[PDB]
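As a plain string of letters, each chain reads:
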Amino acid sequence: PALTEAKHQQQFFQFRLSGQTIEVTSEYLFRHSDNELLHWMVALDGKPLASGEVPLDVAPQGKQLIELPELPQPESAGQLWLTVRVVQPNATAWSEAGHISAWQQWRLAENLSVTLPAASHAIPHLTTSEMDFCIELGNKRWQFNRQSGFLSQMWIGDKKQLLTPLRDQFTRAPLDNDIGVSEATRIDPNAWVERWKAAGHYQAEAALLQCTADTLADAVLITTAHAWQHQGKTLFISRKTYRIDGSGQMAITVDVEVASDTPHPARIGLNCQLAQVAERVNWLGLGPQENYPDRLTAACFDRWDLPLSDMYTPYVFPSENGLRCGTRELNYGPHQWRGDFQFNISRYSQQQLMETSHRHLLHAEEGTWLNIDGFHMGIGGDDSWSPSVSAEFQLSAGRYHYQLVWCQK
Amino acid sequence: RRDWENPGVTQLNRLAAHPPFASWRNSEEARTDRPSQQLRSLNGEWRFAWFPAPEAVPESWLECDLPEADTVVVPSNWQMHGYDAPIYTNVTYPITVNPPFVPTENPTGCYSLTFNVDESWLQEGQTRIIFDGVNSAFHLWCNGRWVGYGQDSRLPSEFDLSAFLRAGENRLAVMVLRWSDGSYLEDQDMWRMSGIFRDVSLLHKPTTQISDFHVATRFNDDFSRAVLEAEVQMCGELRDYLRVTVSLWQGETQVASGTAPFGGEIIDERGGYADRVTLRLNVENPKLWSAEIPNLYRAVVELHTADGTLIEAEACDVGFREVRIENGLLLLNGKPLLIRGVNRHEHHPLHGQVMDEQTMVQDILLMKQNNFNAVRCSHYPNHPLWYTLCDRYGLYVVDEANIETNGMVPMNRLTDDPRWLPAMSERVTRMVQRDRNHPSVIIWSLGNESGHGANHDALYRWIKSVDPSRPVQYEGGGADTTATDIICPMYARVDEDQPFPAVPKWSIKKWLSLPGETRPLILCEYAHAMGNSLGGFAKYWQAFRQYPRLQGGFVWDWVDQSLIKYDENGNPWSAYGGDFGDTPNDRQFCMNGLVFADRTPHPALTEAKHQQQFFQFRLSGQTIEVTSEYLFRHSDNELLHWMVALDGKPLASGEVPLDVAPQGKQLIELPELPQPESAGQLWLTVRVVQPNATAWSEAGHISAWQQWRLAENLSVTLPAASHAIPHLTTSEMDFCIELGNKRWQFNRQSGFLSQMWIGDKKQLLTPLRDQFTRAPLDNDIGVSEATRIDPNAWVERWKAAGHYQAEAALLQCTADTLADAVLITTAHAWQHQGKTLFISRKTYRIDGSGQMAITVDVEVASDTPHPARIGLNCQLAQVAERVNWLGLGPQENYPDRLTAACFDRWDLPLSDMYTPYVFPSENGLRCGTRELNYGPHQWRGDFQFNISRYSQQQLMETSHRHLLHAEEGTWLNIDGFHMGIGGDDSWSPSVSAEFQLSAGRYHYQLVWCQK
Ligand SMILES: [Mg+2]
Ligand SMILES: [Mg+2]
Ligand SMILES: [Mg+2]
Ligand SMILES: [Mg+2]
Ligand SMILES: [Mg+2]
Ligand code: NA
Ligand code: NA
Ligand code: NA
Ligand code: NA
Ligand code: NA
Ligand code: NA
């Protein structure tokens, strides 16, 4: 996946936007853009609204101004996005006709939704038992275990949707850059993975602090609080609310605290093993290829749809892989998650990936592992033998908030 | 003739410039710098009359005092006495641009003085008058007879009165013109005043006298040996019996001496200077001068007969130091400097441009106490005592010629014109002739904002020939021209390029490495301290420490140029541009100081102090590594105090003597510390304290500090249950909740908490509502004016988008009863002309303990300009004496200006929570606050806040601090997020991107409870 990042940063055309105006600047020293045309497209949340093409005619080091036509208002809430691509109409000794040599995006107007939903057709019911809080709505059921404090099962009809409960996750199967030269036989205590191990990040266990259920006028509200501790130290505290409404949507709010003295964690998200396996993955976010906070420039915001295996990157030395960031909507099977998160989805648990040294030995587990992150640490790479993730990409804020809606499709 | 409309006539009969003289007739008095009976002051009471033009002055005035004259103190600026108005114009000239002419209505100040001259002064030798500063041009008469003329408001004009005076009473008549052709070279950004505003004195010199002397100090490779060379020139009776003896003293000990007859070496085919002599004194292991240790020697220059008669003696303080640029670095005594500089105008709120010892001292002490080591004479030579003081207290000085033609179009129109070479030459040459022996001066500057003209090239070269001991710098024309030894930009940013055509301001880091560039870079002006500013200051200091060739800069500027005006009641108030009827004018642009006109600090001063620290620290486990940035001194007056506190509660503390060599490091291992079981964050604070008083600071002065978070124990503790559940009562218009003695009322039409009762006392005067704006800072407004809007300014972008006028529309307001609480949920949209700018969704959970937890989630349209803040505000009914908070402080601090603040528990009087910037704006914020206590209230969370008796609306609507009026109750602004304040400049948006609120979605939470 890194190749595409390289391709984008090494583009030969630079762009700037000012109003309806796009300014293209050539970084060629000798040739004119004689085999290039600029294609532009405006989409609302993935839905195409308009596009066009203009021939590029820029001298080496010169500039070309392109005026976009009047952009008809859009009939709906959402963020308009402008994407431009430089396409070479003719084949060359090194590329085929149609080759895309450069691209860029910009957000244009955004119209926030202020439209009140609509009065639920029904009201979910809460069933309380000694060991669980269950919510029923139509043919859907959610179960929250009172001792664990997590959503442990969800059913569509009589069909269970989870293999493992939905739980916070603060670690990742270590990348090569997280490992560096550390070795079991010769630990580099300065490496990220060793800092995390030493702090107990991979061994910390969730301790329940609170698990309550309340019924509101049109919804049921579950509130939970957990502490993750290690050798008597509290590493993280996660507080959440799950609000299930008449519409069947489950709104999840997550507020996490990370002790200031613990090494900054690899991620702050939730994870679960879905019972089902589906053919495709469809999302509205950055893509289509794998992208990370510090390696996402080349990815574009759009509606993407790929086979599930394209959502896994087969690095020979396996690790955390396949994340997509900047995702507002994710669809898999009958499920839909909405919010502003980063995610990865595959047949392999982080556990397996971290315990496996060669890709050929991984085996698809039952169901699908979904990791959905409010925040994820950068991957670094300035070198692969010393910590290389830039401060700005470390999860050092101390307190973090994210919210997601899980609903059926 | 109208000599004042002729750049070809800059003086008539004026004597040559020279270093400070006193004509002592006893060498020990010269050695001691005691007063000289031959140098008298004529300062005191003079007679003065104001005329609208020189053509209105009556001839009788030359022969006798005008009955209508007033007696006034001299030196003074006549505007300060109210004869006419001072004018505050920045770049545009105060007069029509039509060189070399001036208005025919040209305020003329007729000064006169009747004074005494003892016969003895007239029996022999020469008696001269010296006017240290006359703005801007003047004619001089003595006993009714015309003596001469002078220009250049900022250097001394001396005339020989020997033939005009008589024993006893004598009368001077000085006709001072406010405007002259000199004004075209005096367009600096300051109040436009006039008058005899520097000292007036009378000096007696013998007929055979020391007419000039230059002292130089050259060193061997390690500065263990030096040669002091002093060239002395005489005027008068040249005879074989004359000699010059130069002696050098360290205290009462004479370290060296040389005697020689006159007659310098052969210089050309016609011979040498028979009226000059150069003495060379060898000095071993000299004590070197620096701003760190201003070691000085005293050189006494005796003119005498060989057989022993002292004719006269002159003298100066000498600082052995070498200044040189080598391999791209400015070195002082072989080591690279790091300039912690500030630009300082000569300004006094009551006396205008008249300087006095007390004031200068006060400024030098505060500069030093705030870790400044350098000052730039923006933008003219200073009153003579300034140099003496920087020599003695130790500050590096950039001495600057009085040449500024900013208002010309293009800016070098005069400086590239050979006909203005002569007038400019004098401004440069006479400055060097006067100030060349002061060790504090380390760099000469050619003036300011006059573009780049061939005149600058010529003058750069003149100085380099006449005085090889100091680099020459000059910013005009792009700051890296052929007329400067130093890249000396004004307001170039650290990382951000500003590619203006012809004179781009590159990022300072990129500028150093442009193809072929090798010079050091020191900003002549940076960090424009106008109003609530200095945002981004730390970014500069980090770059300076990181890049060798980035050697610092001079902040703009030291003191606000506000003037005192008196109201009807006779109460003083700070005035700025236009407050005197002056127009056009540049309003508050004259106030850009780190300190107020009375020397009270603005909050930015502590940020400068901190970033400019001379000790850097690193923490590793319990080891503290201290690194000294001093180049020449050891930390011989310093100890390290350390303290650990748990959320403000003191746990342990200690002190350790600091012993680090210059550029050295010291490791200090701290004691086993408290590892308390109790929740909270442990914080380590270290401070460097100077146990002994110095010439510039009191015992115990703190010179540096730093803090680090240590272990954190997050609370996992469950609050006990409440023997109580709040009750809800509803009506179409409101949701009321009651719990014990407490009550909350939420308006269903507005969607806000409209009132709260504790006991039965109402707590709010205005409801709690979201706030997305701030009363704009000078940096938010920049140059925008009603009359000429600058649409790119932040304030204008917010205005045009409707932020200040957007109205909350209620989208939802519900109430639910929980197990042990009542929950109110709201959502509002802020719109403008159909555009939804922001959406606020909140929940308020009131529990059986009586606490109200508020959760707020805001959406901001990505296409609206990033808002000033994301917070809540309300007017509390209560007015309490103190404010106690756990968070950054104690002074005002903003996101991009908070490095100096320390996290601790602070407690101040309410009034201290407001910063009285002259031009009112959002102010007093404190960031990183975890708990705030005011009266019965306590708010907890992770926010920024301000609290005062003045609403944001009032601050935005009032132009001057003295017009603000305390409102009923107290206004509290509690922000989840607040935009940086900027300040890289005050005329273009300068808030760095990482400090702009552009995330789109924001979340914050607070708990409001009692106690
Ligand atoms: Mg003239
Ligand atoms: Mg003697
Ligand atoms: Mg006599
Ligand atoms: Mg200027
Ligand atoms: Mg104006
Ligand atoms: Na083309
Ligand atoms: Na692995
Ligand atoms: Na440096
Ligand atoms: Na100014
Ligand atoms: Na010491
Ligand atoms: Na104001």
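Residues numbered from 1 in each chain as written, not as in the entry; some residues may be left out. Chains lettered and ligands numbered in written order. Part of a larger assembly, values for the part shown. Heavy atoms only, no water.

## Thoughts on the coordination of the magnesium ion (ligand 1)
All names here are of chain B. The line we're drawing: Coordinating donors are taken to be N, O and S atoms lying within 2.8 Å of the metal, or within 3.2 Å when the metal is Na, K or Ca; because water is excluded from the atom set, some sites may appear incomplete. Here's how the labels work: a residue is buried when its accessible area is under 20% of the maximum for its type, exposed when over 50%, partly exposed in between, all with a 1.4 Å probe on protein chains only.
Every protein donor of the magnesium ion (ligand 1) is accounted for by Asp3 (O), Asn6 (O), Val9 (O), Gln151 (OE1) and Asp181 (OD), and the metal-donor separations fall at 2.2 to 2.3 Å. Between the donor residues of the magnesium ion (ligand 1), the gaps in sequence give the motif D-x2-N-x2-V-x141-Q-x29-D. For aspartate 3, a relative accessible area of 9% puts it in the buried group.

## A word on unusual backbone geometry
All names here are of chain B. Condition: Strands here mean DSSP runs of E at least two residues long; helices mean DSSP runs of H or I at least four residues long; both are numbered from the N terminus.
Across the junction of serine 378 and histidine 379, the peptide omega takes the value -10 degrees, indicating a cis bond. Here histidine 379 shows up in the loop between β27 (374-376) and α5 (384-394). Across the junction of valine 409 and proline 410, the peptide omega takes the value -10 degrees, indicating a cis bond. Inspection of the secondary structure assignment puts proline 410 in the loop between β28 (396-400) and α6 (421-435). With a phi angle near 70 degrees, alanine 502 is a residue other than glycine that sits in the positive phi range. The topology assignment puts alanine 502 in the loop between β30 (472-473) and α8 (508-512). Located in the positive-phi region is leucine 534, a residue other than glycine, with phi close to 80 degrees. Within the secondary structure, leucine 534 sits in the loop between β31 (521-526) and α9 (537-546). Of the residues examined, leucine 534 reaches a relative accessible area of 1% and is grouped as buried.

## Some points on the interface of chain A and chain B
We count it as follows: Working rule for contacts: check all heavy atoms of both residues, and any pair within 4.5 Å makes them a contact. Once two parts are brought into contact, the accessible area they lose, counted with a 1.4 Å probe and summed over both, makes up the buried area. Definition used for salt bridges: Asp or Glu carboxyl oxygen within 4 Å of a side-chain nitrogen of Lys or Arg. The definition of a polar contact used here is a pair of N or O atoms within 3.5 Å, where within protein one atom must be able to donate a hydrogen and the other to accept one, and adjacent residues in sequence count solely through side-chain atom pairs. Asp, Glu, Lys and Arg are counted as charged, while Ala, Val, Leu, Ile, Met, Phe, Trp, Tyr, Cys and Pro are counted as nonpolar; the rest, among them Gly, fall into the polar class.
Listed as interface residues are 34 residues of chain A and, on the opposing side, 34 residues of chain B. Note on chain A versus chain B: buried area summed over both sides is about 2300 Å², and carbon and sulfur give 50% of it. At the surface where chain A touches chain B, the tally comes to two salt bridges. The partner of A:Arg399 in a salt bridge is B:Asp942, and the shortest N-O contact between them spans 2.7 Å. At the junction of chain A with chain B, the criterion picks out 15 residue pairs in polar contact. In the side of chain A that touches chain B, the residues fall into 13 nonpolar, ten polar and eleven charged.

## Remarks on the side chain of B:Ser180
Residue and element names in this part refer to chain B. Following the sequence through the fold, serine 180 ends up in the loop between β12 (168-177) and β13 (190-192). Looking at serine 180, the relative accessible area reads 0%, which means it is buried. Ignoring anything within four residues of it in the chain, the contact list for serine 180 reads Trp4, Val102, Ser136, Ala137 and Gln151.

## Regarding the packing of α6(B) against helix α7 (residues 454-466) of chain B
All names here are of chain B. Worth spelling out the cut-off: Only the contacting stretch of a helix is used when fitting its axis, a line to C-alpha atoms as for every element, and angles between N-to-C directions run 0 to 180 degrees. Angular relationships are summarised with four words: roughly parallel below 35 degrees, roughly antiparallel beyond 145, roughly perpendicular across 65 to 115, and oblique for the angles in between. In a left-handed crossing the near helix is turned counterclockwise from the far helix by less than a right angle, and in a right-handed crossing that turn is clockwise.
At a minimum axis separation of 10 Å, α6 and α7 run at an interaxial angle of 25 degrees. On the basis of the axis angle, α6 is roughly parallel to α7. Crossing geometry of α6 relative to α7 is assigned as right-handed. For the pair α6 and α7, the contacting residues are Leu421, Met424, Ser425, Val428, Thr429 and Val432 in the first and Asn455, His456, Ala458, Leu459, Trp462, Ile463 and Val466 in the second. Along the lines of polarity and charge, the residues of the contact of α6 with α7 split into nine nonpolar, four polar and no charged.

## Here's the deal with the domain arrangement of chain A
Residue and element names in this part refer to chain A. This is how the line gets drawn: An automatic or database domain assignment provides the domain bounds reported here.
Splitting chain A by domain gives domain 1 (11-116) and domain 2 (117-409). Between the C-alpha centres of domain 1 and domain 2 the distance comes to 35 Å. Contacts between the two partners involve eight residues from domain 1, matched on the other side by nine residues from domain 2. Note on domain 1 versus domain 2: buried area summed over both sides is about 710 Å², and carbon and sulfur give 56% of it. Counting the contacts that link domain 1 with domain 2 gives zero salt bridges. Where domain 1 meets domain 2, there are two residue pairs in polar contact. Here the side of domain 1 that touches domain 2 is composed, by residue class, of three nonpolar, three polar and two charged.

## Quick notes on the packing of aromatic side chains
The geometry of two aromatic rings is summed up by the distance between their centres and the angle between their planes. Convention followed: Note on ring pairs: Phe, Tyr and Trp rings are taken, using the six-membered ring of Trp, and paired if centres are within 6.5 Å. Classes follow the plane angle, with under 30 degrees stacked, over 60 edge-to-face and the rest tilted. By definition, being over a ring means that NZ of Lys or CZ of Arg is both within 6 Å of the ring centre and within 35 degrees of the ring normal.
Tallying each qualifying case throughout the model produces 52 aromatic pairs over all chains. Judged by centre distance (5.9 Å) and plane angle (75 degrees), the ring pair of A:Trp283 and A:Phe343 falls under edge-to-face. With a gap of 60 residues between them, A:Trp283 in strand β19 (residues 280-287) and A:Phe343 in strand β22 (residues 335-346) connect regions that are remote in the sequence. With respect to burial, A:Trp283 and A:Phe343 carry one shared label: buried. Both rings, one in B:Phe943 and one in B:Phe945, keep their centres 6.3 Å apart while their planes meet at 65 degrees; by these two values the pair is edge-to-face. Across the pair, B:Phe945 and B:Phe943 agree in class, each one buried. Taken together, the ring pairs connect B:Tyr526, B:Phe537, B:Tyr540, B:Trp541 and B:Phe544 into an aromatic cluster. Here B:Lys205 stacks its cationic end above the ring of B:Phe21, 4.0 Å away from the centre of that ring.

## Observations concerning the packing of helix α4 (residues 357-369) of chain B against α5(B)
Axis angle and axis distance: for two packed helices, these are the angle between their axes and the distance between the axes, and together they describe the pair. Residues and elements named next belong to chain B. Between α4 and α5, whose axes approach to 11 Å, the crossing angle comes to 35 degrees. Considering the relative orientation of α4 and α5, their crossing is right-handed. Touching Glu357, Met360, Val361, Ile364, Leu365, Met367 and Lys368 of α4 are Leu385, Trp386, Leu389, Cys390, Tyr393 and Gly394, all from α5.

## Considerations on the coordination of the sodium ion (ligand 10)
Angles between donor atoms at a metal ideally measure 109.5 degrees for a four-coordinate tetrahedral arrangement and either 90 or 180 degrees for a six-coordinate octahedral one. Residues and elements named next belong to chain B. Protein-derived ligands of the sodium ion (ligand 10) are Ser635 (O), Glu638 (O) and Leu658 (O), with the metal-ligand distances lying across 2.3 to 2.6 Å. One chain supplies every donor for the sodium ion (ligand 10), spaced along it as S-x2-E-x19-L. Within this pair, whereas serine 635 is found in the loop between β36 (623-628) and β37 (639-646), its partner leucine 658 is found in the loop between β38 (649-657) and β39 (665-669), the two being separated by 23 residues in sequence. Comparing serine 635 with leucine 658 shows no difference in burial state: the two are buried.

## Some words on the sheet that holds strand β29 (residues 441-445) of chain B
Residues and elements named next belong to chain B. Rule in force here: Strand pairing is assigned whenever DSSP identifies at least 2 bridges connecting the two strands.
Ordered by their spatial adjacency, seven strands build an open sheet running β30-β29-β28-β27-β26-β32-β31, and the pairing between neighbours is parallel. Two strands in the sheet have a free side with no partner beyond their single neighbour: β30 and β31. Two strands pair when backbone bridges link them, and β27 and β28 are joined in this way by three bridges, in the parallel orientation. Pairing of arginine 376 across the sheet is with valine 398, part of β28.

## A short note on the domain arrangement of chain B
Residue and element names in this part refer to chain B. You can read the domains of chain B as domain 1 (1-206), domain 2 (207-321), domain 3 (322-612), domain 4 (613-718) and domain 5 (719-1011). Look at where the C-alpha atoms of domain 1 and domain 2 centre, and you get two points 32 Å apart. Counting residues at the interface gives 18 residues for domain 1 and 19 residues for domain 2. Interface area, domain 1 with domain 2, both sides summed: about 1500 Å², of which 47% is carbon and sulfur. Between the two partners, domain 1 and domain 2, sit four salt bridges. The salt bridge partner of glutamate 252 is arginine 31, with a shortest N-O separation of 3.8 Å. Linking domain 1 with domain 2 are 15 residue pairs in polar contact, by the criterion used here. Going through the elements one at a time, α1 (27-32) and β7 (126-131) are the ones with two or more residues in the side of domain 1 that touches domain 2. At three residues, the largest contribution of residues to the side of domain 1 that touches domain 2 is made by α1.

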